[PDB]
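Q: The structure under discussion is supplied below as structure tokens; questions concerning it will follow.
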Amino acid sequence: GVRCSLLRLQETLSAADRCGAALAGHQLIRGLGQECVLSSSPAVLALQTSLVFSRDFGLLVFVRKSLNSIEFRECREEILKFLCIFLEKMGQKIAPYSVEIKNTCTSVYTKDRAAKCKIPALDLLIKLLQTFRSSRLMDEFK
DNA sequence: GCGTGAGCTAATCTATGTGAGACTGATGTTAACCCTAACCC
């Protein structure tokens, strides 16, 4: 929600001693998402994807940027719990940048060796919740 | 007829450990083939 999301939470995965500040990241991601209750012109639908999912400073890419971070692979799991249930808003017909987010979720599936009921079974509800609300563009999913 | 919130107990769920089944390769053992102390015709 707040534009300062990059400044506040991209700093977290830059410093050493990743043991700790995972709860700080959890507080940041709860604050950015408590604002999701508003429904009058959010104007952040196209903003989040370029910020939380982009290959440059996204958060789903913070699995390829989390592989070496074993201490930040279960903490990453715990923050991405809420980061992946963030999609829980079935009141929009918008489908921007869903094509690449599909394979991003596929990568999230084929990345984590553990938390198999915590990172998976938490992803791939984009399928059957977000996707298959489709067959209007349907370029690559099937 | 039916929503909606609280507490609970059932159901996980991964980390770690242990054993059963399949497998693989180094090894030593038995064995085919031949040579050798020694004598003595």
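Residues are referred to by chain and number: the chain letter is A, B, ... according to the order shown in the structure tokens, the number counts from 1 in that chain, and ligands are numbered separately from 1 in the order shown.
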List every residue of chain A that DSSP, applied to the backbone of this structure, assigns to alpha helix (DSSP H), and report them as a PyMOL selection string.
A: chain A and resi 5-9+22-34+45-52+71-85+98-109
Q: Taking only C-alpha atoms (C1' of nucleotides) into account and nothing else, which residues of chain B lie no more than 10 Å away from chain A? Please answer as a short mmCIF file (atom, residue, chain, number, x, y, z; two decimals) with C-alpha atoms (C1' of nucleotides), in the first residue's frame.
A:
```
data_model
loop_
_atom_site.label_atom_id
_atom_site.label_comp_id
_atom_site.auth_asym_id
_atom_site.auth_seq_id
_atom_site.Cartn_x
_atom_site.Cartn_y
_atom_site.Cartn_z
"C1'" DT B 12 -1.19 -32.96 10.82
"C1'" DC B 13 4.17 -31.97 9.79
"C1'" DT B 14 8.74 -31.67 9.78
#
```
Q: Interatomic distance between atom CA of residue 36 of chain A and atom CA of residue 112 of chain A?
A: 27.8 Å
Q: Go ahead and compute the interatomic distance for atom CA of residue 7 of chain A and atom CA of residue 23 of chain A, in Å to one decimal.
A: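 Between these atoms lies a distance of 16.7 Å.
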Q: Enter the distance from atom CA of residue 126 of chain A to atom CA of residue 106 of chain A, in Å, rounded to one decimal.
A: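 Spanning atom CA of residue 126 of chain A to atom CA of residue 106 of chain A is a straight-line distance of 10.2 Å.
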Q: For residue 83 of chain A, list every protein, DNA or RNA residue within 9 Å, evaluated using only C-alpha atoms (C1' of nucleotides), and leave out those in the same chain fewer than 5 positions away; present the list as a ChimeraX atom specification.
A: /A:29,33,59-60,78
Q: Which residues come within 10 Å of residue 140 of chain A, counting only C-alpha atoms (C1' of nucleotides), excluding same-chain residues fewer than 5 positions away, as a list in words?
A: residues 99, 100, 102 and 103 of chain A
Q: Neighbouring residues of residue 17 of chain A were defined as those with any atom within 10 Å, considering only C-alpha atoms (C1' of nucleotides); residues of the same chain fewer than 4 positions away were excluded. Please report them as a list in words.
A: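 So the residues in contact are residues 13, 21, 71 and 72 of chain A.
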Q: Can those selected residues be exported to a file as a PDB file, in the first residue's frame so that it contains C-alpha atoms?
A:
```
ATOM      1  CA  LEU A  13      17.381  -8.912   2.718  1.00  0.00           C
ATOM      2  CA  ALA A  21      14.294  -9.159  11.859  1.00  0.00           C
ATOM      3  CA  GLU A  71      18.004 -19.193   7.888  1.00  0.00           C
ATOM      4  CA  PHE A  72      15.820 -16.986   5.660  1.00  0.00           C
TER       5      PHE A  72
END
```
Q: Write out as a PyMOL selection string which residues come within 12 Å of residue 137 of chain A when counting only C-alpha atoms (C1' of nucleotides), dropping same-chain ones fewer than 4 positions away.
A: chain A and resi 94-99+131-133+141-142
Q: Which polymer residues have any atom within 10 Å of an atom of residue 26 of chain A, counting only C-alpha atoms (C1' of nucleotides), with same-chain residues fewer than 2 positions away left out, as a ChimeraX atom specification?
A: /A:9,21-24,28-32,75-76,78-83
Q: Would you output that residue set with N, CA and C atoms, as a PDB file, in the first residue's frame?
A:
```pdb
ATOM      1  N   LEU A   9      11.383  -2.732   3.442  1.00  0.00           N
ATOM      2  CA  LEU A   9      11.568  -4.176   3.505  1.00  0.00           C
ATOM      3  C   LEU A   9      12.614  -4.736   2.548  1.00  0.00           C
ATOM      4  N   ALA A  21      14.965 -10.114  12.737  1.00  0.00           N
ATOM      5  CA  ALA A  21      14.294  -9.159  11.859  1.00  0.00           C
ATOM      6  C   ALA A  21      13.286  -9.831  10.936  1.00  0.00           C
ATOM      7  N   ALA A  22      13.127 -11.155  11.014  1.00  0.00           N
ATOM      8  CA  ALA A  22      12.031 -11.806  10.307  1.00  0.00           C
ATOM      9  C   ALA A  22      10.690 -11.350  10.858  1.00  0.00           C
ATOM     10  N   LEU A  23      10.600 -11.189  12.180  1.00  0.00           N
ATOM     11  CA  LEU A  23       9.399 -10.611  12.771  1.00  0.00           C
ATOM     12  C   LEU A  23       9.218  -9.160  12.347  1.00  0.00           C
ATOM     13  N   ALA A  24      10.319  -8.429  12.154  1.00  0.00           N
ATOM     14  CA  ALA A  24      10.218  -7.075  11.620  1.00  0.00           C
ATOM     15  C   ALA A  24       9.635  -7.085  10.213  1.00  0.00           C
ATOM     16  N   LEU A  28       6.157  -5.465   8.850  1.00  0.00           N
ATOM     17  CA  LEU A  28       6.096  -4.636   7.650  1.00  0.00           C
ATOM     18  C   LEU A  28       5.044  -5.154   6.675  1.00  0.00           C
ATOM     19  N   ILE A  29       5.010  -6.471   6.455  1.00  0.00           N
ATOM     20  CA  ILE A  29       4.067  -7.037   5.497  1.00  0.00           C
ATOM     21  C   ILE A  29       2.646  -7.054   6.042  1.00  0.00           C
ATOM     22  N   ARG A  30       2.475  -7.034   7.365  1.00  0.00           N
ATOM     23  CA  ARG A  30       1.136  -6.875   7.918  1.00  0.00           C
ATOM     24  C   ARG A  30       0.657  -5.437   7.771  1.00  0.00           C
ATOM     25  N   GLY A  31       1.548  -4.470   8.003  1.00  0.00           N
ATOM     26  CA  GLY A  31       1.186  -3.079   7.788  1.00  0.00           C
ATOM     27  C   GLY A  31       0.852  -2.785   6.339  1.00  0.00           C
ATOM     28  N   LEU A  32       1.658  -3.307   5.415  1.00  0.00           N
ATOM     29  CA  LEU A  32       1.367  -3.223   3.985  1.00  0.00           C
ATOM     30  C   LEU A  32       0.450  -4.390   3.644  1.00  0.00           C
ATOM     31  N   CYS A  75      11.921 -18.462   7.625  1.00  0.00           N
ATOM     32  CA  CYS A  75      11.427 -17.112   7.874  1.00  0.00           C
ATOM     33  C   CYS A  75      10.823 -16.518   6.607  1.00  0.00           C
ATOM     34  N   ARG A  76      11.476 -16.745   5.464  1.00  0.00           N
ATOM     35  CA  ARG A  76      10.874 -16.380   4.189  1.00  0.00           C
ATOM     36  C   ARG A  76       9.558 -17.111   3.992  1.00  0.00           C
ATOM     37  N   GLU A  78       7.531 -18.001   6.375  1.00  0.00           N
ATOM     38  CA  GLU A  78       6.531 -17.457   7.285  1.00  0.00           C
ATOM     39  C   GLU A  78       6.028 -16.098   6.809  1.00  0.00           C
ATOM     40  N   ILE A  79       6.903 -15.274   6.223  1.00  0.00           N
ATOM     41  CA  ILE A  79       6.419 -14.017   5.649  1.00  0.00           C
ATOM     42  C   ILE A  79       5.622 -14.276   4.371  1.00  0.00           C
ATOM     43  N   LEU A  80       6.090 -15.193   3.522  1.00  0.00           N
ATOM     44  CA  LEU A  80       5.370 -15.454   2.287  1.00  0.00           C
ATOM     45  C   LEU A  80       4.059 -16.181   2.526  1.00  0.00           C
ATOM     46  N   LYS A  81       3.835 -16.713   3.727  1.00  0.00           N
ATOM     47  CA  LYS A  81       2.502 -17.158   4.108  1.00  0.00           C
ATOM     48  C   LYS A  81       1.500 -16.056   3.792  1.00  0.00           C
ATOM     49  N   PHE A  82       1.672 -14.916   4.458  1.00  0.00           N
ATOM     50  CA  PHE A  82       0.783 -13.786   4.236  1.00  0.00           C
ATOM     51  C   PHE A  82       0.994 -13.181   2.854  1.00  0.00           C
ATOM     52  N   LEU A  83       2.235 -13.171   2.357  1.00  0.00           N
ATOM     53  CA  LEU A  83       2.463 -12.640   1.013  1.00  0.00           C
ATOM     54  C   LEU A  83       1.700 -13.402  -0.065  1.00  0.00           C
TER      55      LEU A  83
END
```
